[PDB]
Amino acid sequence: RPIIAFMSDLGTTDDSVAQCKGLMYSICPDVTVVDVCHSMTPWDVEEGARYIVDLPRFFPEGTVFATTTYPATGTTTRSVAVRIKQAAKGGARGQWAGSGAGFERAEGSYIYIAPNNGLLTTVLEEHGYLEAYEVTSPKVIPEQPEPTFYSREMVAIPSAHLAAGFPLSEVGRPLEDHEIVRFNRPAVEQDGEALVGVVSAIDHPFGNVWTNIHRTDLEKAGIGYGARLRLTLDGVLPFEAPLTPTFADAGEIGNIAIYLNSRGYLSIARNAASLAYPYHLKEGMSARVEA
């Protein structure tokens, strides 16, 4: 029962994803293809990273993550296939996912395959890796790859072989760490008592505002649930609420909640109302938080 969890920038409007999947079932008949999402901003590797980084703990060990935005499609670039180390806890607390105490996931239990364009930056940062290979073997990629469709040729296709039991180390040569492209993650800076970050994401479809200010950034400033915060967005929008676990703690529908999102990050929202949408709050806006 192999699983490919499939995240791409291919959209939901044509047969692009179906082509990949058709090939996945062709190569790995017993595969279950699980869509992550296909609507990421094309070529936004940092956004794509966000949709794939917290996946492992939710999936059975041995799951293969075929994750791709491939702007360098048709070039001599080749994908990277990595076996991660830690599946890694997560969420507002830092816990295993599932009922009871959650599913503890073994180490070295997930493979990601992606363009080597930095899409896996946070995956490697947060999970670490045991081994990483360039995907070159004609056994797992086309000998004549479609130039404009490396997401299919260099990710979907080899992902299905990996899911089918194709040995990871046989995809091509091992890559040294410096050969794995990374994008830079701008740090949350200490600017006084304040933590200064950005709006990392508008949380669709709700219009919640996600920051790159992590629980760990907060914990080491002393900020926990109950702490009375000023969260300033866009330089000019204080917001003031206690840090609370959830939206409803804000009381009346529409009230401001400052909370920790399911990924573990400082967030702001309204209670059963959209914060971001009516006021056109966007990713990239500044986010400062002080107690």
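Start at 1 and count along the sequence shown; that's the residue number. Under this definition, the rigid core comprises the largest set of C-alpha atoms superposing within 1.5 Å between the forms.
In summary, of the stretches 124-132 and 82-90, 82-90 shows the greater Cα distance from the shown form in 7 other deposited structures of this protein, with structures fitted on the rigid core. In a rigid core superposition of the other structures in 7 other deposited structures of this protein, 185-193 and 199-207 differ in how far their CA atoms stray, and the farther one is 185-193. Remark: stretch with higher mean C-alpha B factor among 216-224 and 167-175 is 216-224. In this entry, the higher average B-factor at the C-alpha atoms falls on 191-199, of the pair 156-164 and 191-199. Ranked within its chain, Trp210 lands in the lowest third, by CA B factor from the PDB record. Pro242: CA B factor lies in the middle third for its chain, per the PDB record.
Residue-level temperature factors show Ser16 in the middle third of its chain, judged at the C-alpha atom. In the PDB entry, a CA B factor belonging to the lowest third of its chain's modelled residues is recorded for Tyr133.
Residue-level temperature factors show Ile180 in the middle third of its chain, judged at the C-alpha atom.
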